[PDB]
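*Asks:* This is the structure I have questions about; it appears just below.
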Amino acid sequence: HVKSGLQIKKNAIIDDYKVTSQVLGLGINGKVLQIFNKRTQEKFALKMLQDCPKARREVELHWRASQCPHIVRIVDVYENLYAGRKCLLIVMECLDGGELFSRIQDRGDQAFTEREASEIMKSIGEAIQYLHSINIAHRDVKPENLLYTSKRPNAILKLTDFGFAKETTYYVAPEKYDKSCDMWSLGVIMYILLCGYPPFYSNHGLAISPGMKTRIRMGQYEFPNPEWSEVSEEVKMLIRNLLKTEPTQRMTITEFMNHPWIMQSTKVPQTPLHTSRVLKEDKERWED
């Protein structure tokens with residue numbers, strides 16, 4: 001019920017960990033580098049942030065969320081001087097399974113199933129549910145931010161970048177919609193999981209198009225055949241509620257988690273999906 005508070009280590013990280021120039025990824029606030037425990041030689045991930053109040057907010061919110069199995073765990077946080085400038089160094093568990101959509105691309109002749117999508121969405125949902133329950137909104141749920149623990153098949157998907165996360169804060173009525181942003185993100189992820197293409201795309205496929213922005217505002221998405229031919233109307237309706245243009249009309253995480261598709265993944269059919277194939281073909285377009 002009660003869990004330890006964040007104990008920021010003032011000892012030099014070099015004492016405990018061996019720092020490498022290898023960059024696992026770029027976080028919005030700071031670069032993420034692979035590091036190894038000197039004692040155990042175990043791989044870990046280091047996020048380096050300058051000691052601004054925004055950085056302190058990120059580390060606090062991440063620490064609260066670290067408990068969730070579907071949120072990347074912060075093993076330790078270090079306050080150290082780099083170049084005589086105060087830095088917060090966040091050591092997290094290394095996720096080498098790779099981005100969610102990258103793993104689906106790398107599955108070969110084996111086809112992605114509706115049931116597999118339901119399981120994936122439930123995992124992401126559980127993370128969002130924990131965050132919303134503790135009054136935190138990630139505000140940056142994206143495919144990049146979802147990563148797998150290991151290349152082994154029973155690896156767990158985890159949410160990662162808390163740079164944009166913000167606190168949402170006798171019987172009484174419950175009365176920001178920062179939380180609603182996360183639900184929209186789930187809808188987009190779900191759409192891509194089922195077909196392998198985003199609900200909203202740019203003419204000439206260049207970054208963010210004015211036309212794409214208009215489509216997002218107008219909520220102009222279609223479920224095109226053949227990708228959506230075998231997808232349940234139930235699933236389509238769920239996506240519609242998640243992709244409502246008006247944030248207030250958008251589905252709550254509790255509603256999403258109680259939805260039968262999410263709640264009973266086992267019941268969900270193993271209908272084959274075009275997602276794996278589409279992702280491979282899109283990669284081929286990117287790599288001419």
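By convention in this document, the chains of the structure tokens carry letters A, B, ... by their order, each chain's residues are numbered from 1, and ligands are numbered from 1 in the order they are shown.
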Any idea what's packed within 7 Å of stretch 140-142 of chain A, counting only C-alpha atoms, ignoring anything in its chain fewer than 4 positions away? Could you give it as a list in words?
*Replies:*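 The residues satisfying every condition are residues 146, 164, 182 and 185 of chain A.
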*Asks:* I need the chosen residues saved as a short mmCIF file (atom, residue, chain, number, x, y, z; two decimals), in the first residue's frame, with N, CA and C atoms.
*Replies:*
data_model
loop_
_atom_site.label_atom_id
_atom_site.label_comp_id
_atom_site.auth_asym_id
_atom_site.auth_seq_id
_atom_site.Cartn_x
_atom_site.Cartn_y
_atom_site.Cartn_z
N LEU A 146 6.36 3.59 -26.69
CA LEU A 146 6.08 2.18 -26.29
C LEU A 146 7.22 1.28 -26.77
N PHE A 164 6.68 15.13 -21.13
CA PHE A 164 5.46 15.94 -21.34
C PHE A 164 4.42 15.67 -20.24
N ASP A 182 -4.39 11.48 -23.96
CA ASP A 182 -3.85 10.10 -23.87
C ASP A 182 -4.84 9.14 -24.55
N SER A 185 -4.57 9.31 -28.26
CA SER A 185 -3.33 8.60 -28.62
C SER A 185 -3.63 7.10 -28.73
#
*Asks:* Set the distance at 10 Å and use only C-alpha atoms: which residues neighbour residue A:134 once local chain neighbours fewer than 3 positions away are removed? I'd like the list as a PyMOL selection string.
*Replies:* chain A and resi 61+64-65+128-131+137+167-169
*Asks:* With N, CA, C and O atoms retained, could you export that selection as an mmCIF file, in the first residue's frame?
*Replies:*
data_model
loop_
_atom_site.group_PDB
_atom_site.id
_atom_site.type_symbol
_atom_site.label_atom_id
_atom_site.label_comp_id
_atom_site.auth_asym_id
_atom_site.auth_seq_id
_atom_site.Cartn_x
_atom_site.Cartn_y
_atom_site.Cartn_z
ATOM 1 N N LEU A 61 7.189 12.536 -11.338
ATOM 2 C CA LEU A 61 6.014 11.847 -11.937
ATOM 3 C C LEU A 61 6.418 10.441 -12.386
ATOM 4 O O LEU A 61 5.654 9.495 -12.104
ATOM 5 N N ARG A 64 6.673 8.007 -9.451
ATOM 6 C CA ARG A 64 5.338 7.593 -8.966
ATOM 7 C C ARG A 64 4.804 6.476 -9.869
ATOM 8 O O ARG A 64 4.222 5.508 -9.345
ATOM 9 N N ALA A 65 5.025 6.605 -11.178
ATOM 10 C CA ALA A 65 4.496 5.688 -12.208
ATOM 11 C C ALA A 65 5.387 4.450 -12.358
ATOM 12 O O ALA A 65 4.913 3.473 -12.948
ATOM 13 N N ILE A 128 -1.888 3.577 -18.806
ATOM 14 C CA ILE A 128 -2.678 4.841 -18.821
ATOM 15 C C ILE A 128 -3.600 4.840 -17.602
ATOM 16 O O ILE A 128 -3.701 5.887 -16.946
ATOM 17 N N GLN A 129 -4.235 3.704 -17.303
ATOM 18 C CA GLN A 129 -5.181 3.585 -16.170
ATOM 19 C C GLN A 129 -4.448 3.941 -14.874
ATOM 20 O O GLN A 129 -4.989 4.762 -14.099
ATOM 21 N N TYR A 130 -3.261 3.366 -14.654
ATOM 22 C CA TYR A 130 -2.458 3.625 -13.434
ATOM 23 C C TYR A 130 -2.170 5.125 -13.372
ATOM 24 O O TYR A 130 -2.415 5.744 -12.329
ATOM 25 N N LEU A 131 -1.692 5.692 -14.478
ATOM 26 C CA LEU A 131 -1.335 7.130 -14.551
ATOM 27 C C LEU A 131 -2.563 7.966 -14.196
ATOM 28 O O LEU A 131 -2.455 8.853 -13.334
ATOM 29 N N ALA A 137 -1.053 12.530 -16.413
ATOM 30 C CA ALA A 137 -1.314 12.348 -17.857
ATOM 31 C C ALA A 137 0.021 12.390 -18.610
ATOM 32 O O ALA A 137 0.755 13.379 -18.457
ATOM 33 N N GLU A 167 0.680 16.675 -13.789
ATOM 34 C CA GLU A 167 -0.328 16.294 -12.766
ATOM 35 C C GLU A 167 -1.681 16.904 -13.142
ATOM 36 O O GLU A 167 -1.717 18.088 -13.461
ATOM 37 N N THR A 168 -2.764 16.138 -13.077
ATOM 38 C CA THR A 168 -4.098 16.595 -13.535
ATOM 39 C C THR A 168 -4.818 17.347 -12.413
ATOM 40 O O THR A 168 -5.813 17.992 -12.725
ATOM 41 N N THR A 169 -4.394 17.207 -11.151
ATOM 42 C CA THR A 169 -5.090 17.723 -9.934
ATOM 43 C C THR A 169 -5.666 19.121 -10.211
ATOM 44 O O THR A 169 -5.210 20.121 -9.586
#
*Asks:* Show which residues sit within 12 Å of residue A:165, as number ranges by chain. Count only C-alpha atoms, and ignore same-chain residues fewer than 5 positions away.
*Replies:* A: 28-29, 54-65, 128, 131-132, 135-141, 159-160, 178-179, 181-182
*Asks:* Please save N, CA and C atoms of the selected residues as a PDB file, in the first residue's frame.
*Replies:*
ATOM      1  N   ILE A  28      12.904  13.846 -25.577  1.00  0.00           N
ATOM      2  CA  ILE A  28      12.667  15.292 -25.863  1.00  0.00           C
ATOM      3  C   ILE A  28      13.535  16.170 -24.950  1.00  0.00           C
ATOM      4  N   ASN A  29      13.578  15.918 -23.636  1.00  0.00           N
ATOM      5  CA  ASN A  29      14.362  16.750 -22.688  1.00  0.00           C
ATOM      6  C   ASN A  29      15.862  16.422 -22.813  1.00  0.00           C
ATOM      7  N   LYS A  54      11.351  21.784 -14.532  1.00  0.00           N
ATOM      8  CA  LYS A  54      10.606  20.885 -15.456  1.00  0.00           C
ATOM      9  C   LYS A  54      11.176  19.466 -15.343  1.00  0.00           C
ATOM     10  N   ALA A  55      12.502  19.347 -15.304  1.00  0.00           N
ATOM     11  CA  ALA A  55      13.223  18.062 -15.166  1.00  0.00           C
ATOM     12  C   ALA A  55      12.850  17.413 -13.837  1.00  0.00           C
ATOM     13  N   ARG A  56      12.820  18.204 -12.767  1.00  0.00           N
ATOM     14  CA  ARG A  56      12.481  17.694 -11.416  1.00  0.00           C
ATOM     15  C   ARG A  56      11.056  17.147 -11.448  1.00  0.00           C
ATOM     16  N   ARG A  57      10.152  17.815 -12.161  1.00  0.00           N
ATOM     17  CA  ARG A  57       8.745  17.364 -12.312  1.00  0.00           C
ATOM     18  C   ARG A  57       8.748  16.002 -13.006  1.00  0.00           C
ATOM     19  N   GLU A  58       9.461  15.892 -14.126  1.00  0.00           N
ATOM     20  CA  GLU A  58       9.529  14.631 -14.906  1.00  0.00           C
ATOM     21  C   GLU A  58       9.945  13.494 -13.969  1.00  0.00           C
ATOM     22  N   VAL A  59      11.049  13.669 -13.234  1.00  0.00           N
ATOM     23  CA  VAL A  59      11.614  12.567 -12.413  1.00  0.00           C
ATOM     24  C   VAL A  59      10.589  12.196 -11.339  1.00  0.00           C
ATOM     25  N   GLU A  60       9.927  13.167 -10.716  1.00  0.00           N
ATOM     26  CA  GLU A  60       8.929  12.882  -9.646  1.00  0.00           C
ATOM     27  C   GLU A  60       7.770  12.080 -10.235  1.00  0.00           C
ATOM     28  N   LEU A  61       7.189  12.536 -11.338  1.00  0.00           N
ATOM     29  CA  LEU A  61       6.014  11.847 -11.937  1.00  0.00           C
ATOM     30  C   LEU A  61       6.418  10.441 -12.386  1.00  0.00           C
ATOM     31  N   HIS A  62       7.576  10.303 -13.031  1.00  0.00           N
ATOM     32  CA  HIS A  62       8.082   8.987 -13.487  1.00  0.00           C
ATOM     33  C   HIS A  62       8.243   8.062 -12.277  1.00  0.00           C
ATOM     34  N   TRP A  63       8.806   8.562 -11.176  1.00  0.00           N
ATOM     35  CA  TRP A  63       9.056   7.742  -9.965  1.00  0.00           C
ATOM     36  C   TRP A  63       7.719   7.179  -9.490  1.00  0.00           C
ATOM     37  N   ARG A  64       6.673   8.007  -9.451  1.00  0.00           N
ATOM     38  CA  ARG A  64       5.338   7.593  -8.966  1.00  0.00           C
ATOM     39  C   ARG A  64       4.804   6.476  -9.869  1.00  0.00           C
ATOM     40  N   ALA A  65       5.025   6.605 -11.178  1.00  0.00           N
ATOM     41  CA  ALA A  65       4.496   5.688 -12.208  1.00  0.00           C
ATOM     42  C   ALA A  65       5.387   4.450 -12.358  1.00  0.00           C
ATOM     43  N   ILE A 128      -1.888   3.577 -18.806  1.00  0.00           N
ATOM     44  CA  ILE A 128      -2.678   4.841 -18.821  1.00  0.00           C
ATOM     45  C   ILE A 128      -3.600   4.840 -17.602  1.00  0.00           C
ATOM     46  N   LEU A 131      -1.692   5.692 -14.478  1.00  0.00           N
ATOM     47  CA  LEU A 131      -1.335   7.130 -14.551  1.00  0.00           C
ATOM     48  C   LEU A 131      -2.563   7.966 -14.196  1.00  0.00           C
ATOM     49  N   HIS A 132      -3.695   7.695 -14.830  1.00  0.00           N
ATOM     50  CA  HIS A 132      -4.920   8.510 -14.656  1.00  0.00           C
ATOM     51  C   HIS A 132      -5.401   8.355 -13.221  1.00  0.00           C
ATOM     52  N   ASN A 135      -3.571  10.496 -11.063  1.00  0.00           N
ATOM     53  CA  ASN A 135      -3.743  11.899 -11.532  1.00  0.00           C
ATOM     54  C   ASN A 135      -2.491  12.379 -12.274  1.00  0.00           C
ATOM     55  N   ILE A 136      -1.932  11.523 -13.123  1.00  0.00           N
ATOM     56  CA  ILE A 136      -0.829  11.870 -14.066  1.00  0.00           C
ATOM     57  C   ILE A 136      -1.338  11.620 -15.486  1.00  0.00           C
ATOM     58  N   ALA A 137      -1.053  12.530 -16.413  1.00  0.00           N
ATOM     59  CA  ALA A 137      -1.314  12.348 -17.857  1.00  0.00           C
ATOM     60  C   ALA A 137       0.021  12.390 -18.610  1.00  0.00           C
ATOM     61  N   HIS A 138       0.336  11.341 -19.374  1.00  0.00           N
ATOM     62  CA  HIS A 138       1.611  11.197 -20.124  1.00  0.00           C
ATOM     63  C   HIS A 138       1.731  12.340 -21.133  1.00  0.00           C
ATOM     64  N   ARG A 139       0.639  12.585 -21.861  1.00  0.00           N
ATOM     65  CA  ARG A 139       0.477  13.705 -22.817  1.00  0.00           C
ATOM     66  C   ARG A 139       1.405  13.521 -24.025  1.00  0.00           C
ATOM     67  N   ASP A 140       2.026  12.354 -24.186  1.00  0.00           N
ATOM     68  CA  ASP A 140       2.916  12.080 -25.343  1.00  0.00           C
ATOM     69  C   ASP A 140       2.892  10.588 -25.656  1.00  0.00           C
ATOM     70  N   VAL A 141       1.746   9.925 -25.534  1.00  0.00           N
ATOM     71  CA  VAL A 141       1.679   8.466 -25.837  1.00  0.00           C
ATOM     72  C   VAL A 141       1.839   8.336 -27.346  1.00  0.00           C
ATOM     73  N   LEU A 159       5.564   1.974 -21.388  1.00  0.00           N
ATOM     74  CA  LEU A 159       5.518   3.414 -21.753  1.00  0.00           C
ATOM     75  C   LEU A 159       6.778   4.098 -21.202  1.00  0.00           C
ATOM     76  N   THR A 160       7.346   5.119 -21.870  1.00  0.00           N
ATOM     77  CA  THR A 160       8.720   5.569 -21.516  1.00  0.00           C
ATOM     78  C   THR A 160       8.876   7.069 -21.255  1.00  0.00           C
ATOM     79  N   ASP A 178      -6.430  17.064 -20.107  1.00  0.00           N
ATOM     80  CA  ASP A 178      -5.058  16.550 -20.410  1.00  0.00           C
ATOM     81  C   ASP A 178      -5.157  15.021 -20.568  1.00  0.00           C
ATOM     82  N   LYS A 179      -5.966  14.375 -19.728  1.00  0.00           N
ATOM     83  CA  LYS A 179      -6.167  12.908 -19.754  1.00  0.00           C
ATOM     84  C   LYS A 179      -6.735  12.488 -21.112  1.00  0.00           C
ATOM     85  N   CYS A 181      -6.216  13.607 -24.036  1.00  0.00           N
ATOM     86  CA  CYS A 181      -5.115  13.543 -25.036  1.00  0.00           C
ATOM     87  C   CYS A 181      -4.616  12.101 -25.116  1.00  0.00           C
ATOM     88  N   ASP A 182      -4.392  11.475 -23.959  1.00  0.00           N
ATOM     89  CA  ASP A 182      -3.854  10.097 -23.874  1.00  0.00           C
ATOM     90  C   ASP A 182      -4.836   9.137 -24.551  1.00  0.00           C
TER      91      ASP A 182
END
*Asks:* Can you pull out every residue within 10 Å of residue A:93, counting only C-alpha atoms, but drop anything in the same chain fewer than 3 positions away, and send it as a PyMOL selection string?
*Replies:* chain A and resi 42-46+72-76+96+149
*Asks:* So, with only C-alpha atoms as the atoms that count, which of A:252, A:171, A:23, A:13 lies closest to residue A:82?
*Replies:*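 Ranking A:252, A:171, A:23, A:13 by distance to residue A:82, first place goes to A:13.
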*Asks:* Between atom CA of residue A:199 and atom CA of residue A:224, what is the spacing in Å?
*Replies:*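 Separating atom CA of residue A:224 from atom CA of residue A:199 is a distance of 10.0 Å.
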*Asks:* Quick one: which stretch 22-95 of chain A residues come within 12 Å of stretch 99-112 of chain A, and what is the nearest atom pair for each with the distance in Å to one decimal, counting only C-alpha atoms, rows ordered by chain and ascending number, as JSON lines?
*Replies:*
{"residue": "A:24", "atom": "CA", "partner": "A:99", "partner_atom": "CA", "distance": 11.6}
{"residue": "A:25", "atom": "CA", "partner": "A:99", "partner_atom": "CA", "distance": 10.9}
{"residue": "A:95", "atom": "CA", "partner": "A:99", "partner_atom": "CA", "distance": 9.1}
*Asks:* Once you have the residues from the selection above, write them out as a JSON list (two decimals), in the first residue's frame, restricted to C-alpha atoms.
*Replies:*
[["chain", "number", "residue", "atom", "x", "y", "z"],
["A", 24, "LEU", "CA", 19.82, 4.08, -27.39],
["A", 25, "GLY", "CA", 17.45, 6.99, -28.37],
["A", 95, "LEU", "CA", 14.25, -2.04, -23.12]]
*Asks:* Find the residue from A:6, A:206, A:183, A:216 that sits nearest to residue A:238; use only C-alpha atoms when measuring.
*Replies:*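 When distances to residue A:238 are compared using only C-alpha atoms, the smallest one comes from A:183.
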*Asks:* Write out as a PyMOL selection string each polymer residue whose atoms come within 12 Å of residue A:259, counting only C-alpha atoms; drop sequence neighbours fewer than 5 positions from it.
*Replies:* chain A and resi 118+121-122+125+234-235+237-239+241-242+251-254+264-265+268
